[PDB]
Structures are given as structure tokens and as C-alpha cells.
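Subsequent text provides C-alpha cells for two forms of one protein chain, presented individually as structure 1 and structure 2.
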Structure 1
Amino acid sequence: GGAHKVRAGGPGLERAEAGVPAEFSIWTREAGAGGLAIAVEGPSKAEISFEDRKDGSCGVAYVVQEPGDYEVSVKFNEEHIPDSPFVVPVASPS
């Protein structure tokens, strides 16, 4: 286990725009060893990558192609972390 020791936060968990990279961070320092899985589900395909953060958290960026409501899940050892899944409204680009 250890999912309860993981926290995720950032703009990409609150709102996104179609085609614009949406970014958030995952606090992993306390969780120990395990599989950290990020998933995006919704009306269009998503591309997800892991990134560096200065603060030592694990950075995530994703891009979706169409507006709509998407669900972003973050699981650790196949267990939802607190507040996952996140419902993220994705708007047409401004």
C-alpha cells in the first residue's frame, strides 16, 4: 500500500485547455517503494509524461485534444491516492 501517504496538486488537476499542456505535482517522498500510475479518461486521447520538479515531487504534464470533462486518476500500488480521481474540466483554447 502507501497510497494514503501520497498527495497530488497543481493547475492541471483543477482546469485545462484543449491542446495546452496541463501540469501538476505528486508528493512521493513518504510513500516508500511502489508503482505510481497516472491515467486520463475522457472524450479524447491524452498524452501523459513524467517530469522533474525543483521541490523533489514527481511532475506530470498531460495534453488532451478535445474540450470536455476528463477524469485524472493517480494510484499508488493500484490504490487511489487521497482525492483521486480528480474531475478536470477542459475548455476550448482561448
Structure 2
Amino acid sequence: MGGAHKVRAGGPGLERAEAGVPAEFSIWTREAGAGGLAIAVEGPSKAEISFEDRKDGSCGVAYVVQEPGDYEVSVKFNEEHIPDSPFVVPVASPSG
């Protein structure tokens, strides 16, 4: 218990997102090592969540929601929130 405390996560997808547009962030599991990463997005529409197992030792996550609103993005390592998880993420309607 508490492996997750050594795991860090950042990138634009844990800060802001646009509806229908993929939101990417990174998770660096160097210190905690290997384990089970469970990602949750909780909000007014269903997220599609993808992983990217990078050679750099980091893991990539991209998610897409379609409805603008306020989402919470959870990152658990071995079933336990990592620091600052849940992340509160505002998803806006796209521009352009």
C-alpha cells in the first residue's frame, strides 16, 4: 500500500480538454516501478481511454469525451489514488 505515492502525472489532459478532441497526459512510474494503472474519467458523458506504453519508462494516456462539462480524472496505481488524483478537468466545446 502506498506505492502510488511515488507516481507522478502531468500534461495538458489533466488541465483542460475540448469535447471530441483527444486529451493526452503522461504518467511516470519510475520510482513505484511496474504495477496496475487504472484510469477513470467521471463526467456527463462516457470517455474512451487509450494507453501508450512508452520505452522512456513513462505511460501515455489519451481520452476523448464528447460532451462539454466538468470531469474528474482519477489515476490509481495498484488501486490507490496517486497524489492529486482525482484531477478536476474542464472540458469545453471545441474552437474553430
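The first residue in the sequence of structure 1 is number 1, and each one after it adds one. Only residues modelled in both forms are compared. If you superpose the two forms and keep the largest set of C-alpha atoms that fall within 1.5 Å, you have the rigid core.
Once you lay the two forms on top of each other by their rigid core, how far has the C-alpha of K54 moved between the two structures, in Å? Looking at the C-alpha of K54 between the two structures, the offset is 6.2 Å.
For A33, tell me the Cα shift between the two structures once the rigid core is superposed, in Å to one decimal. That residue's C-alpha is offset by 3.5 Å.
Where the core is superposed, what shift in Å does the CA of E78 undergo between the two structures? Displacement of the alpha carbon, after core fit: 1.1 Å.
Just the runs, please: which groups of three or more residues in a row shift their CA by 2 Å or more between the two structures on the core? Three-plus residue runs displaced between the two structures: 32 to 34, 52 to 56.
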